[PDB]
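Each remark here refers to the structure printed beneath this line.
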Amino acid sequence: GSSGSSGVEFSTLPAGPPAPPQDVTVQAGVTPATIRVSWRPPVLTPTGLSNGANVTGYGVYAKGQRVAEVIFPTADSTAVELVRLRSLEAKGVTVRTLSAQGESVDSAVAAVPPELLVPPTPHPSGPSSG
């Protein structure tokens, strides 16, 4: 009802968007092909709600494409595939608070380091003359 009329007894309070995380950073992923996006989860009501919504977890994004998603509302770090960033050539990722209502804005784009983006390699060598 676009400014029409109402009456039917109904109480529906506004929910979300859920408060987005902060202090986003990339430490290191269990594997050389992944990373660890660490962040600080905002206090959740004594009932299980961030900004009025039911936070079920978080979600990592690079260039608008969900690369990773942790089903943990109290998660302070999640693993993300680096390859997913290559195809898109994304030099940074973000964390969004996922809830039953939807998702939240993109946290501080944590520019992934080039050292982690690049794969490992053994010490090279050549013709030893002197």
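The table below gives the values:
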{"quantity": "Residues satisfying the stated conditions in the range 10-51, i.e. aromatic (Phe, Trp, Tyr) and closer than 17 Å to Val67 by Cβ", "calculated": "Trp39"}
{"quantity": "Spans of strands (runs of 3 or more DSSP E) in the range 17-130 with at least 2 residues touching a residue at least 40 places away in the same chain (Cβ under 8 Å)", "calculated": "22-26, 34-40, 55-61, 77-81, 94-99"}
{"quantity": "Leading residue by the ranking (surrounded by the fewest Cβ atoms within 10 Å (Cβ to Cβ)) among those in the range 54-104 that are within 24 Å of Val43 (Cα to Cα) and out of contact with any strand residue (DSSP E or B) (no Cβ under 7 Å at 6 or more places or on another chain)", "calculated": "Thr74"}
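Positions of Cβ are backbone-derived with ideal geometry, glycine not excepted, and every protein chain shown enters the neighbour counts. No lab work stands behind these numbers, since they all come straight from the coordinates.
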